[PDB]
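Single-structure report; data block below.
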Amino acid sequence: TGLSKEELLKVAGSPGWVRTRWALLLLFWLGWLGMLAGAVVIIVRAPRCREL
Amino acid sequence: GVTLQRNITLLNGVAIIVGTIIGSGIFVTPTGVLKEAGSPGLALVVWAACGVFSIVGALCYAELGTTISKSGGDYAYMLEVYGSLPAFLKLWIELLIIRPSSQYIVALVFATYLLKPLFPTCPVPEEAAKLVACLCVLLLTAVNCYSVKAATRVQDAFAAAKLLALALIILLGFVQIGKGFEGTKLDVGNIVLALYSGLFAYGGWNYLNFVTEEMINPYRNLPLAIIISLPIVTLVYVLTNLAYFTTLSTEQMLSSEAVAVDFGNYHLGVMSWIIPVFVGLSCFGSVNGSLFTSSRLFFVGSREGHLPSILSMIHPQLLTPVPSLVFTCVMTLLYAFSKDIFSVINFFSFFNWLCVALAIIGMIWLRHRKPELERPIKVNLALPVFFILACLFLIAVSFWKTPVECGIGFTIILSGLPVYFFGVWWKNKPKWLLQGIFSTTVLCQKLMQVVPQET
Ligand SMILES: Nc1cc(COc2c(Cl)cc(C[C@H](N)C(=O)O)cc2Cl)c2oc(-c3ccccc3)nc2c1
Ligand SMILES: CC(C)CCC[C@@H](C)[C@H]1CC[C@H]2[C@@H]3CC=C4C[C@@H](O)CC[C@]4(C)[C@H]3CC[C@]12C
Ligand SMILES: CC(C)CCC[C@@H](C)[C@H]1CC[C@H]2[C@@H]3CC=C4C[C@@H](O)CC[C@]4(C)[C@H]3CC[C@]12C
């Protein structure tokens, strides 16, 4: 096991950790939007293939 | 205070099973049954046949999951019979290979078919296909962190997209009849490979059992969600096959690598692109259903002590098992590196049917050992024994198809024995491991604000 419910939540509300979790959530979605921008770049910047 | 709450209503329970059965399979797998049947008649019969077999199996899980209400599904039913080690050897293979490879493969099918109408005549660019697979897996592990009501509303929407797509296919088939048996591979050694290659398209029917514990009313809704779905699937499959045979000749289906797309090209002309996109959105639903369900398997495995304790923790304000989801996403993305992928799943042809056979053998032994345990469902013992006997034959067929590859799979199962002895039998005794385990656990609890569930 690890920390109790109350034992965790009295520490996890500290401003450093609250801003850390906000930063990781922002960084994740920024990284996913960046990966979508990358995927769309590759779909545009590729050879639209030979017509029958 | 903190637990996984009972969010899944009956129609969402039907969504979790129909969404993960219908899969990619029916839009690309018909070719595999014609290859071993030769004849549209024999093909359309084995489609019905492995349908009624699948109903018979699911009726045993409709029993089991009312006798044992644990969300471990196929794993919990082993743990409650064969005990600690046999259940772990399952969970190891599910964790390491089967669930993350399955999730990745069907995400890559989502990526390729959703892009396909930009590239009709040629490959979809591979460096794009692997991103559009990863964006899907990352998105659905975000959605299934945010709310089980969001997760199940997503699968309602995509389960609907799938059945709508098959209704459109069936309708155009009847329209082609409105506009106005053959040479059969009658060898039993051909027929058995036809049947065994068709059963793949029904694979998924057990997946509801891994969320038994989150049903609003499991003792009613868990058997009803099976009987409301597998007969519906079986009908839609025989009708969808019928629809293809109105339009594609045997030679064309034996030699086309995306059967639904050819049927799309013949009927919809300028609008043909609709069917590729529906195969895509169809697979997105199957990634979601798998990620959802899969997160509960590892959760349960950690609650029963087989797996590191972080995966049991829940996020108190959202009531989703955030570390189990995060683990499942990462383990899916680690398959993105592999230059080939279907092979690693083909190594375990036998494994799915083996675990099912062991679960229902378990249900026989459980009836002898404890008749006093409560049973809202009590199926005639003929069906379990029929279904077991049939699976023990298909497990042998699975080896006989490729006696090398099922041996490689069986070799990887034994990789579970090192991990079980190190992770369970050794009691983690060295203090430089034990203190580091704890330090990493309390870090993760802090880092994503998660806490143990309350009995
Ligand atoms: N042991 C095992 C277990 C499962 C999980 O159960 C299944 C599921 Cl979840 C879906 C399908 C295919 C589905 N019925 C479809 O129509 O595409 C088959 C099985 Cl055995 C596997 O999935 C797959 C799989 C799924 C998609 C693409 C390629 C392979 N291999 C599996 C091996
Ligand atoms: C996020 C996950 C779930 C799905 C990602 C799919 C993305 C990569 C796909 C879906 C539809 C696609 C667009 C559809 C049509 C066009 C027009 C064409 O002239 C260039 C590419 C472009 C602009 C595509 C870019 C990539 C695109 C946005
Ligand atoms: C905590 C550690 C294990 C990292 C967790 C995130 C990992 C599994 C994920 C996050 C984003 C992912 C990458 C996203 C995009 C691509 C480009 C693709 O063409 C090849 C794979 C690759 C390079 C992925 C590999 C796996 C990846 C690096």
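Throughout, read-outs are computed from the coordinates displayed, never taken from laboratory work. Quick reminder, even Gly has a Cβ in these numbers, built from the backbone with ideal geometry, and neighbours come from all protein chains shown.
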I'd like to know if region B:380-390 contains one or more residues that are away from chain A (no Cβ under 14 Å) and aromatic (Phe, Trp, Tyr). yes
Candidates B:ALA160, B:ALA150, B:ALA128, filtered to the one that is of a type in the set (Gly, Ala, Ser) and within 19 Å of B:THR328 (Cα to Cα): B:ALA150
How many of the residues in region B:309-344 are buried (at least 17 other Cβ atoms within 10 Å of the Cβ) and closer than 25 Å to B:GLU127 by Cα? 9
Looking at region A:15-52, which of its residues are in a helix (DSSP H, G or I), charged (D, E, K, R) and more than 9 Å from chain B (Cβ to nearest Cβ)? A:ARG19
Having 1 or more residues that are within 18 Å of B:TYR82 (Cα to Cα) is the bar; report the helices (runs of 4 or more DSSP H) wholly within region B:295-387 that clear it. B:349-369
Which listed residue, of B:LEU392, B:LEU447, is in a helix (DSSP H, G or I) and farther than 30 Å from B:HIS315 by Cβ: B:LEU392
Tell me which residues, restricted to region B:127-141, are touching a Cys at 6+ places or on another chain (Cβ under 9 Å) and more than 16 Å from ligand 1 (Cβ to nearest atom). B:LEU138, B:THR141
Residue count for region B:137-192, restricted to those that are small (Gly, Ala, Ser) and under 20 Å from B:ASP262 (Cβ atoms): 3
Can you pull out the residues in region B:286-308 that are within 13 Å of chain A (Cβ to nearest Cβ) and either farther than 19 Å from B:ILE93 by Cα or within 16 Å of ligand 3 (Cβ to nearest atom) (or both)? B:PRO308
Which listed residue, of B:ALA107, B:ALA159, is more than 14 Å from ligand 3 (Cβ to nearest atom), over 24 Å from B:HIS315 (Cβ atoms), among the aliphatic types (A, V, I, L, M) and in contact with a helix residue (DSSP H, G or I) (Cβ under 8 Å, 6 or more places away or on another chain): B:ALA159
Name the residues in region A:1-14 that are exposed (fewer than 12 other Cβ atoms within 10 Å of the Cβ) and either more than 10 Å from every other protein chain (Cβ to nearest Cβ) or among the basic types (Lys, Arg) (or both), would you? A:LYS10
When you scan region B:174-203, how many residues do you find that are under 25 Å from B:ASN352 (Cβ atoms), of a type outside the set (A, V, I, L, M, F, W, C) and in contact with a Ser or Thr (Cβ under 6 Å, 6 or more places away or on another chain)? 1
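Which ones in region B:246-264 are acidic (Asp, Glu) and not in a loop (DSSP other than H, G, I, E, B)?
Once the filter is applied, which keeps residues that are acidic (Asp, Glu) and not in a loop (DSSP other than H, G, I, E, B), region B:246-264 yields B:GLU251, B:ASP262.
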Of these, B:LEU230, B:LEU222, which one is away from ligand 3 (no atom under 16 Å from the Cβ) and under 26 Å from B:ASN346 (Cα atoms)? B:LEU230
Evaluate region B:402-410: report whether one residue or more is over 30 Å from B:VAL56 (Cβ atoms) and among the hydrophobic types (A, V, I, L, M, F, W, C). yes
Taking B:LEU307 as the residue in question, decide whether it is aliphatic (A, V, I, L, M) and either away from ligand 1 (no atom under 16 Å from the Cβ) or touching a strand residue (DSSP E or B) at 6+ places or on another chain (Cβ under 6 Å) (or both). yes
For region B:106-138, give me each residue that is at the interface with another protein chain (Cβ under 9 Å from one of its Cβ atoms), assigned to a helix (DSSP H, G or I) and over 21 Å from B:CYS329 (Cα atoms). B:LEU115, B:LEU118
